[PDB]
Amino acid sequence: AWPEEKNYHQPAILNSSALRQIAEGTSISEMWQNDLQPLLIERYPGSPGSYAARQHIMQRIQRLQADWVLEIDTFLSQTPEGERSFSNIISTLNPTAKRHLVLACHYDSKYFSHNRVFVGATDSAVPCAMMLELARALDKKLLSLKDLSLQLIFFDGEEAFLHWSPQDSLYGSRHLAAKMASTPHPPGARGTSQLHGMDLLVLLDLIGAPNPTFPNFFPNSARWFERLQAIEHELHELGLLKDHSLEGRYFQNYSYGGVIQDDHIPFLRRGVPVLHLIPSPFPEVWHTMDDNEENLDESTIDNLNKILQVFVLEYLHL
C-alpha cells in the first residue's frame, strides 16, 4: 500500500513570511564561490577532475549538520574509449524511510578534444551547485528530519563519449536505476524496490542560461509542475525574484510532445514519476566552449534556487 502514498501526497503551503525567510536564506554569491567555481573544471569520467568534483561534492555535504548518508555507486562499463570506471554519488537523509523525494543532476562533463576546455557551466555544474546550495540553505530545517525524506543523486557518465546513443550515454543513471530496481526497500520487504521509494525524481539539467523555458513534460508530475508555476508566481508577486517578468516565466504550462533523453529515462521507463527541469530550447551555448561561467545568468540561477527550495520544503512539509 505505501508505494501509492506518493499519488495522494499534498504539499504544505508556506505563507508569505516563510517565503521571504527562504528567499533571504539562500545566497547566490556563497554558492558561486563555494559550490560552483570548484566544479568549473574538466571532469569527464576517470579524469582528475572527476575525482576532484566527486570529492568536492562529498565534502560540501559532509560539513552540513543534517545527517546525510553518502554512498558511492562505482562500477565499470565498456565505452567507445575502452573500459571506464564510473561513480554515482548518492546523498540520503533517513536511509530507511520508505519514501524519498529525489533531486538529481549529472556531475560529469562532456569530453572534448584538446586552448579552451569544456567545463559544462550549465551542463551541469550549475545544477550540482544548486543542489549543494539547497542542502546548505535548508540545513537547519532538514536537520529536523533526524515516511518521507530527501535524497540527492549526482549521476556520473551522463554524457556520450563519442556519439549519443542508447549504448553510449547515461552510463551512471542506467546503472543506478537497474541497481535500485533490484534492491528490496525497505530491507526485508517483499515486492517493493528502492524505486518504489522514489516519490518523485526532480532532474535538474542545463540550468544557468538567461530566459530559460521549462515545459510541462509529464502528466503524472503535472500537478507538481503547477506548484513550481505557482511558487514562481508568488515569489514574483512578493518582490523576491531578481530581473524577472511574469511575461518571461520560467515554468510555462504547455508540453514538448517529443522525448528528451536524459538521466531520468532509466527511472521513467520503470514507473518513477519525473519532474524534468531541463529547458527547451537548451541554452544557446549548449555543447560549445562558450558554456562557461561568463555566459551564466546569476540572477536567474538565484531565482530558481528560491523556487526549488520553496518547492522542496513544501513537498517535505518543512
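One rule holds for the numbers: they count along the sequence shown, beginning at 1.
- Count the deposited residues lacking coordinates between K146 and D147 and you get 4 to 9 of them.
- In the deposited sequence, the stretch from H114 to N115 hides 1 to 3 residues that have no coordinates.
- Look at the mean CA B-factor for 190 to 198 and for 137 to 145 in the entry; the higher one is 137 to 145.
- Between 235 to 243 and 71 to 79, the higher mean Cα B-factor belongs to 235 to 243.
- Residue set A66, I278, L275, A52: peak C-alpha B-factor at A66 (per PDB entry).
- Sorting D262, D290, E42, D35 by the CA temperature factor given in the entry leaves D35 at the top.
- Residue-level temperature factors show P219 in the highest third of its chain, judged at the C-alpha atom.
- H175 sits in the middle third of its chain by CA B factor, as recorded in the PDB entry.
- Among all modelled residues in its chain, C128 ranks in the lowest third by Cα B-factor.
- Per the PDB record, residue ranking by Cα B-factor puts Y8 in the middle third of the chain.
- Sorting the modelled residues of the chain by their CA temperature factor places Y107 in the lowest third.
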